[PDB]
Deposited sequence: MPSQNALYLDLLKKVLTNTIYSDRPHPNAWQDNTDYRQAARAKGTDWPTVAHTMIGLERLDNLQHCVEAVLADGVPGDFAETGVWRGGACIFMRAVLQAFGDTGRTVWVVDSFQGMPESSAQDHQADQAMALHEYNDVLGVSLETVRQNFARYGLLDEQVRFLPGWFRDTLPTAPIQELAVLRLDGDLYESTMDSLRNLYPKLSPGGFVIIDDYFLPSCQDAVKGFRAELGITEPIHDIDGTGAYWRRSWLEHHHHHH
């Protein structure tokens, strides 16, 4: 059931700066990110949230905001990137009053930070898969933490080179859950039960 719909609808107008930028990903993809997050809450899919490649942080701020909207104080949002520096993203969470303990930051190269990542389980995994290595590093390390019922979201999936990186990973692991389109740009799938 849709708690604080108005809040989240306004926040998307604001994050996308449609109101006068904090995320390039646009409305349709924030919409997708809302439904996936609301599904894991409603269905009881355990785990934290995590985005690799956050840029200014809008998507991570938004995921945090949905947790705010449904009164979930247990799940953590993981903001993972090299760093548009870290402190700028931090204070981007602040301006929404969401810079708190439900937001943790993993600064550094993915090669270095992800294998030893202090994440136990995920209900949502998100990546702006522009590059081959970034995508594999993210999927290979973090996907195994993705709980059943959890979602993987790939923001630039339909870029052919991103496609191929992704098909390659799904072949490696024998992952066969079917991919669904979002907007001709991004795509996602829900891990099986």
{"item": "Unmodelled intervals of the deposited chain, in order", "value": "1, 22 to 50, 114 to 140, 251 to 258"}
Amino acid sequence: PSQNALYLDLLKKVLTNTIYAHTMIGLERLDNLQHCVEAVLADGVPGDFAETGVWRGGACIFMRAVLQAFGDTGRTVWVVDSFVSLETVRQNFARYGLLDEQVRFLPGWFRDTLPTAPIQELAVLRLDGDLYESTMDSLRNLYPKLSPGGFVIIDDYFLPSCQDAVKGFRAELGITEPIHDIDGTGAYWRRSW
From here on, numbers count along this sequence of modelled residues.
item	value
Higher-B stretch (mean Cα B-factor, as the entry records it), 45 to 53 or 32 to 40	45 to 53
Mean temperature factor over C-alpha atoms, higher-scoring stretch between 109 to 117 and 93 to 101	109 to 117
Ranked C-alpha temperature factor of residue 68 among modelled chain residues, by third	lowest
Chain third (lowest, middle, highest) by recorded CA B-factor, residue given as residue 84	highest
Third of chain Cα B-factors occupied by residue 170	lowest
CA B-factor ranking of residue 164, expressed as a third of its chain	lowest
Residue 156 - Cα temperature factor, lowest/middle/highest third of chain	middle
